[PDB]
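K.L.:
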Amino acid sequence: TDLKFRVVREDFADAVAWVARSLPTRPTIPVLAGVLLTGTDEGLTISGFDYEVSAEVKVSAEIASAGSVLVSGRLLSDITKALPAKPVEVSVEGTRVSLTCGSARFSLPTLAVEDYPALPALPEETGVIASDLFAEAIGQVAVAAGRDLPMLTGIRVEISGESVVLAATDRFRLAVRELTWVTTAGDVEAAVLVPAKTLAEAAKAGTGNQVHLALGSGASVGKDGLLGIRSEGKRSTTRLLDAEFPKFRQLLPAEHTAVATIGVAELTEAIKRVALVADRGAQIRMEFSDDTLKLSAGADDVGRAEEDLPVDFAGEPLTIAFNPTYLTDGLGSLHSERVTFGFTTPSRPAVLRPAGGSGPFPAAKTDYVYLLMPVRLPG
Amino acid sequence: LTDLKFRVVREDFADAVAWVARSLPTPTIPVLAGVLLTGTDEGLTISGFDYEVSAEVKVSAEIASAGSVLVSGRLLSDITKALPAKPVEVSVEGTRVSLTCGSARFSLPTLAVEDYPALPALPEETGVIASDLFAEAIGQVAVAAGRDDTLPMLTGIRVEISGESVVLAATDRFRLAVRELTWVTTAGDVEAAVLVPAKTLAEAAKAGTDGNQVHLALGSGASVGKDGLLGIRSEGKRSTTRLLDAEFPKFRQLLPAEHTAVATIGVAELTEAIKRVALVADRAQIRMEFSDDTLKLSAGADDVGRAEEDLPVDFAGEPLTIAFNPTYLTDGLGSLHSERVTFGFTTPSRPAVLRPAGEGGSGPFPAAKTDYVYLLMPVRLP
Amino acid sequence: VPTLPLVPXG
Amino acid sequence: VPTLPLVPXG
Ligand code: NA
Numbered sequence: 009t010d011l012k013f014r015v016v017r018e019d020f021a022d023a024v025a026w027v028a029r030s031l032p033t034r035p036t037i038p039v040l041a042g043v044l045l046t047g048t049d050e051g052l053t054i055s056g057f058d059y060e061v062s063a064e065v066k067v068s069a070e071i072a073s074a075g076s077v078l079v080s081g082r083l084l085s086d087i088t089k090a091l092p093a094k095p096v097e098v099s100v101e102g103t104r105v106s107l108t109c110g111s112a113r114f115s116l117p118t119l120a121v122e123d124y125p126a127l128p129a130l131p132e133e134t135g136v137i138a139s140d141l142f143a144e145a146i147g148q149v150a151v152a153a154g155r156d159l160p161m162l163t164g165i166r167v168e169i170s171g172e173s174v175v176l177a178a179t180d181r182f183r184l185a186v187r188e189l190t191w192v193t194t195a196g197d198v199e200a201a202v203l204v205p206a207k208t209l210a211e212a213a214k215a216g217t219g220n221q222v223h224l225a226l227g228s229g230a231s232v233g234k235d236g237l238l239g240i241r242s243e244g245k246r247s248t249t250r251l252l253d254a255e256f257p258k259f260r261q262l263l264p265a266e267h268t269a270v271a272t273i274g275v276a277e278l279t280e281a282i283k284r285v286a287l288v289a290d291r292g293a294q295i296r297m298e299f300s301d302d303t304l305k306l307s308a309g310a311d312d313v314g315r316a317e318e319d320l321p322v323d324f325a326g327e328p329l330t331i332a333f334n335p336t337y338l339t340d341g342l343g344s345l346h347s348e349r350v351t352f353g354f355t356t357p358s359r360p361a362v363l364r365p366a374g375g376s377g378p379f380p381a382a383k384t385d386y387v388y389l390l391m392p393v394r395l396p397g
Numbered sequence: 008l009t010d011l012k013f014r015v016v017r018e019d020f021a022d023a024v025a026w027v028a029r030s031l032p033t035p036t037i038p039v040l041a042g043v044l045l046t047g048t049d050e051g052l053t054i055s056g057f058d059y060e061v062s063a064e065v066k067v068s069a070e071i072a073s074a075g076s077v078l079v080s081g082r083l084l085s086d087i088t089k090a091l092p093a094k095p096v097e098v099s100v101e102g103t104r105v106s107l108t109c110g111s112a113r114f115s116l117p118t119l120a121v122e123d124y125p126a127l128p129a130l131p132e133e134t135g136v137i138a139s140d141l142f143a144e145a146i147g148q149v150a151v152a153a154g155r156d157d158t159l160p161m162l163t164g165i166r167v168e169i170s171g172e173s174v175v176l177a178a179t180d181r182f183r184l185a186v187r188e189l190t191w192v193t194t195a196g197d198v199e200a201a202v203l204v205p206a207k208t209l210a211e212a213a214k215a216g217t218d219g220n221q222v223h224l225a226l227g228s229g230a231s232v233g234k235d236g237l238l239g240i241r242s243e244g245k246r247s248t249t250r251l252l253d254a255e256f257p258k259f260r261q262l263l264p265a266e267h268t269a270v271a272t273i274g275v276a277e278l279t280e281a282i283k284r285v286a287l288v289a290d291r293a294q295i296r297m298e299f300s301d302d303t304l305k306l307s308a309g310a311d312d313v314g315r316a317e318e319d320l321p322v323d324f325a326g327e328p329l330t331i332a333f334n335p336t337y338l339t340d341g342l343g344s345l346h347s348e349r350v351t352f353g354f355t356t357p358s359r360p361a362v363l364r365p366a367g368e374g375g376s377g378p379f380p381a382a383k384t385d386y387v388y389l390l391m392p393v394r395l396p
Numbered sequence: 002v003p004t005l006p007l008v009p010x011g
Numbered sequence: 002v003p004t005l006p007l008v009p010x011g
């Protein structure tokens, strides 16, 4: 049977665009860059799979004839993005697939499916989380993942019943986000490691007020070796990462000798000004005392810069330096009006959290934390 | 000699530095990426020179103390783009330049000027020309210039001057673009031509001027081009660029006196269609079959994919099918700035004329007189 | 791909 | 540039 359907230009383009995000670029197995189109009873299914990551979306379409066909991914996405806002008519004839839309007519070759792998079955459902929370949390934590060191390239997902903990580190920063979700099956006590770039890219995409996470259930959580992600009309899988995540909880300070609260916008805009002179973006310095923060960067031979900000500060005054990018990375993941820094010494990790005597100061309980290692002041 | 100290409005200072910076080299001699600040009676002068291109801009400022100082152009430009909307205080103290604005305080090291070359004098002014049209004309023809220094005489924009007009031409051997502009000479009759690096002249055009006209400085009479410089003077601004020392091809012989076929069509429609059909073009051509009332575009192959699209066209004369490099074609269509394009054709293997359309018989058709023309060589059909 | 008929140059 | 005090990994 030969696939033939009519579809709206906008729904077709957006769906193909969603899939095309997860296709490989220049794959050793060229057919893996294909997009699979399947006409069913419900309508049209659009999928891609490269043995590692799969993406499948359903879109309404008028199916004149059931069937499936594999066509080149980047070409289809480029064509569909370039068509007029008219209906699109797709029709498989022989070894070609005809795509007509208004005055424009395309004739693409079919790809062979003999060496094209089948979509994996998604694991059993584990839990449900709101879509906006999911995007935000993944987006927060992924900023701290290594880009290699396989154990640093993943996001750790710990599940303890209703609670979920996401974590990632690259040895210089550590981001941890805790959230609550709705369990699908029974109580679950488990942890997996998901490739960060892949999970972060999936989150940035659309998904639908809810996101269903499929990792299995009972004693088989993690067994299929897969994380399934489901939203309204969309299903995706990623292979889990085979590496042990470092023990990170011991790193989080129970208390601080100094704490500082400041506006995130104020601080960020100022960090960008001062870091302008940092040779290779080496370091920015933060001098805390009284009610003012002094930022500085640069050196004698390249140029210096400094800026004073009002700041709510308590405890023993200190000067501490950071990688400016690591610092703005942290600041940008807070999603709060203010940040509270928790310090001990210039050479020990600093805590940034979304936002009292002489100290010491108990660590604040927050759903999100970004632990940043300092760099050494020049000496 | 005194230390430079001034106060300036941030917008004025940032715009002027940005303007200079576009013309700085990104260099074998580090100090040539420097920007020279000079505080005078009239205010503040900002300039860069690297032996080949100079740019000088004057802006209003409160000069507390006269002097000059050379600083990193890259660093100054980055700092000024990031300052808050507050007055900028600049003060030279020893080997550094202090720059303060709001709560922000910067300190740039000063550069040695002993190997920093002095700005060249502009040649005598040769004529005045509308600043917008001049910029437009340069950007039009620059699309046709060669980019490969293997062949110097293709990397230039030829500037022909006459008592009545300026003619700009560029070619890369595959396309030729020629634009004519009215101007008014200072001395009356002149007949001369120089060659200017396309890249640097095009950059000077995008950078922009604040007034409505600019003066071209090439000299006068027998002394045109003698200085080896083209100068451009506008309000508050002057620039110079060193002339190319190469001979431009003899190009007017390439322009066909008549056409066996002619077609007119909307530029936006044809352009959008070409970009659609060329999605299947590997690397390399798009095919145009012209009939009465219809143009069928097509491209591709059995191994990658084929695509075709039909457009209404106003066509006259001998039907033909002709193919082009799709990128050279949309480059020309995009350089037209008119609503419709007229194609002038002879044979499938001879140059095609693209002209802004104005306001169809049997042929042959006499070539049209226009201010602009983009001449494009075809590629052979398979 | 012919050039424009520049003489010389082509 | 010290690292975070991961043991092992620093
Ligand atoms: Na100067």
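Protein chains in written order, with PDB author numbering: chain D, 9 to 156, 159 to 217, 219 to 366, 374 to 397; chain C, 8 to 33, 35 to 291, 293 to 368, 374 to 396; chain G, 2 to 11; chain H, 2 to 11.
The beta-carbon is built from N, C-alpha and C at its ideal position, and this holds for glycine as well.
#1: When we look at the beta-carbon of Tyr386 of chain D and count the other beta-carbons within 10 Å, is it buried (16 or more) or exposed?
#2: Ordered along the chain, which non-local residues of its own chain (more than five positions away) have a Cβ less than 6 Å from that of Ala74 of chain D?
#3: Let me know if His267 of chain C comes out buried or exposed under the rule of 16 or more other beta-carbons within 10 Å of its beta-carbon.
#4: Please determine whether the Cβ atom of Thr336 of chain C lies at a distance below 7 Å from any heavy atom of ligand 1.
#5: What in chain C is Cβ-close to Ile87 of chain D, meaning under 9 Å?
#6: Take the Cβ of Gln261 of chain D as the centre, count every other Cβ of all protein chains shown within 10 Å, and call the residue buried at 16 or more, exposed below.
#7: Have a look at C:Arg246, C:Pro392, C:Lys383 and flag the residue whose alpha-carbon is nearest the alpha-carbon of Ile54 of chain C.
#8: What would DSSP say about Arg14 of chain D, mapped onto helix, strand or coil?
#9: Assuming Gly147 of chain C and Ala210 of chain C are in contact, meaning their beta carbons sit under 8 Å apart, how far apart are those beta carbons, in whole angstroms?
#10: If contact means a Cβ-Cβ distance below 9 Å, which residues of the segment 250-281 of chain C contact chain G?
#11: Ligand 1 heavy atoms versus the CB of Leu345 of chain C: any closer than 7 Å?
#12: Using 7 Å as the cut-off, classify the Cβ of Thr46 of chain C as near or not near the heavy atoms of ligand 1, replying yes or no.
#13: Please list the partners that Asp319 of chain D has in chain C, where partner means a Cβ-to-Cβ separation under 8 Å.
#14: List the residues that DSSP assigns as beta-bridge partners of residue 292 of chain C.
#15: Using a beta-carbon distance below 8 Å, is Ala120 of chain C in contact with chain D?
#16: Since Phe324 of chain C and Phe299 of chain C are thought to touch, with beta carbons under 8 Å apart, how far apart are those beta carbons, to the nearest angstrom?
#17: DSSP three-state label for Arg349 of chain D, please.
#18: If we define contact as Cβ-Cβ less than 8 Å, is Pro35 of chain D a contact residue for chain C?
#19: Closer than 7 Å to a non-hydrogen atom of ligand 3 - does that hold for the CB of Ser55 of chain C?
#20: Tell me whether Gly375 of chain D is buried or exposed, calling it buried when 16 or more other Cβ atoms sit within 10 Å of its Cβ.
#21: Taking all protein chains shown into account, do 16 or more other C-beta atoms lie within 10 angstroms of the C-beta of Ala129 of chain D, making it buried, or fewer, making it exposed?
#22: Less than 7 Å between C-beta atoms, sequence neighbours within five positions excluded: which residues of the same chain meet that for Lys305 of chain D?
#23: Anyone know if the C-beta pair for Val98 of chain D and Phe13 of chain D falls short of 8 Å?
#24: If contact means a Cβ-Cβ distance below 7 Å, which residues of the segment 92-108 of chain C contact chain D?
#25: CB-CB under 8 Å to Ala381 of chain D, same chain, minus the five flanking residues each way: which ones, in chain order?
#26: Could you tell me the boundaries of the alpha helix (DSSP H) in which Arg82 of chain C lies?
#27: Should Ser30 of chain D and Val79 of chain D be called a contact, given that it needs their Cβ atoms to be closer than 8 Å?
#28: So with CB distances below 7 Å, who are the chain D contacts of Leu116 of chain C?
#29: Kindly examine ligand 1 and report whether one of its heavy atoms sits closer than 7 Å to the Cβ of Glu50 of chain C.
#30: Are the segment 193-207 of chain D and the segment 241-258 of chain D in contact at 8 Å, needing three or more beta carbon pairs?
#31: Comparing alpha-carbon positions, which option in D:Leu389, D:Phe259, D:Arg315 lies nearest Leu7 of chain H?
#32: Answer yes or no: does any C-beta atom of chain H fall closer than 8 Å to that of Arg246 of chain D?
P.N.:
This is what the structure gives:
#1: buried
#2: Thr9, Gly47
#3: buried
#4: no
#5: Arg284, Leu287, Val288, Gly314, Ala316
#6: exposed
#7: C:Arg246
#8: strand
#9: 6 Å
#10: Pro257, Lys258, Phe259, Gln261, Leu262
#11: no
#12: yes
#13: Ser111
#14: Coordinates for residue 292 of chain C are simply not present: the residues of chain C run from 291 and resume at 293.
#15: no
#16: 5 Å
#17: strand
#18: no
#19: Among the ligands present in this structure, namely ligand 1, ligand 3 is not found.
#20: exposed
#21: exposed
#22: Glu298, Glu317, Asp319
#23: yes
#24: none
#25: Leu263, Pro264, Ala265, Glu266, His267, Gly353, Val362
#26: 81-88
#27: no
#28: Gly314
#29: no
#30: yes
#31: D:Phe259
#32: no
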